[PDB]
């Protein structure tokens, strides 16, 4: 049963990236102001915060097995900090343009970064953060990168060039390119995490969300309802729902069977930019970042 409860919301400068820690009740936010914050959303106290740079930090993830966060900013740099001490672990120029998205491999010491420089790059932290591969082919800003959780030797990139490309580590060309028909670009791409469907989902400035079968490359459904740019759309890892957020200021919860909207929320923080779901579905927690702060919600 739905029953959405606000577990914790706080105001801040624009939140561009957001992520849950898998074992600690923490959420990381990365802000347009160059600040990043880690909050305990149950006690409502900051565990750690850092003024990383003066430029926007659009991407941030926990690397829990190393006790790190990894962040990427408009100053072209990837930085890694230990969240127990605040100490900076590494600081390098990753791309000659904005970093939009960072993905962390579940079992290997690999991170992917997607950039306005039209590429995705693969970095190996057990090889001194060496650049091990650059994936070329996209023709506009790479807005989102995500590993296939069912096979993380592959990953998807979503791009303003209106395509999603799916790649294999160690190979220079896409396994396939998905022509989305979302003519104003792809802002976000996500995988359905369960084994029963080979699904991906894309979000666009053209106000649509689309579901794809990655075996046949077919569009399964198109979700309409948002009134401004759709910033993200994701499958919930345990509940039969899709969650999206938009510059129209709303989050929408969609039935993942019928593809109909179940609930629209305006949490009152203006434009929505980013989303996270708790890795193990603890308390069905989700979190989203907005122009004016973030909110952590329990869905039921």
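Positions refer to the first chain, counted from 1. We call the rigid core whatever largest set of C-alpha positions still superposes within 1.5 Å between the two forms.
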Between 1-9 and 289-297, the one whose CA atoms sit farther away in 4 other deposited structures of this protein (rigid core aligned): 1-9
Mean C-alpha B-factor comparison - 124-132 and 139-147, higher one: 124-132
Mean Cα B-factor comparison, 66-74 or 261-269, giving the higher one as deposited: 261-269
C-alpha B-factor winner, where the candidates are 231, 51, 238, 30: 238
Selection by C-alpha B-factor (highest) of 158, 114, 86, 109: 86
B-factor third for the C-alpha atom of residue 95 within its chain: middle
Residue 248 CA temperature factor, ranked by third within the chain: middle
Chain thirds of CA B-factor: placement of residue 4: highest
Ranked C-alpha temperature factor of residue 171 among modelled chain residues, by third: middle
Cα B factor band for residue 182 (lowest, middle or highest third within the chain): highest
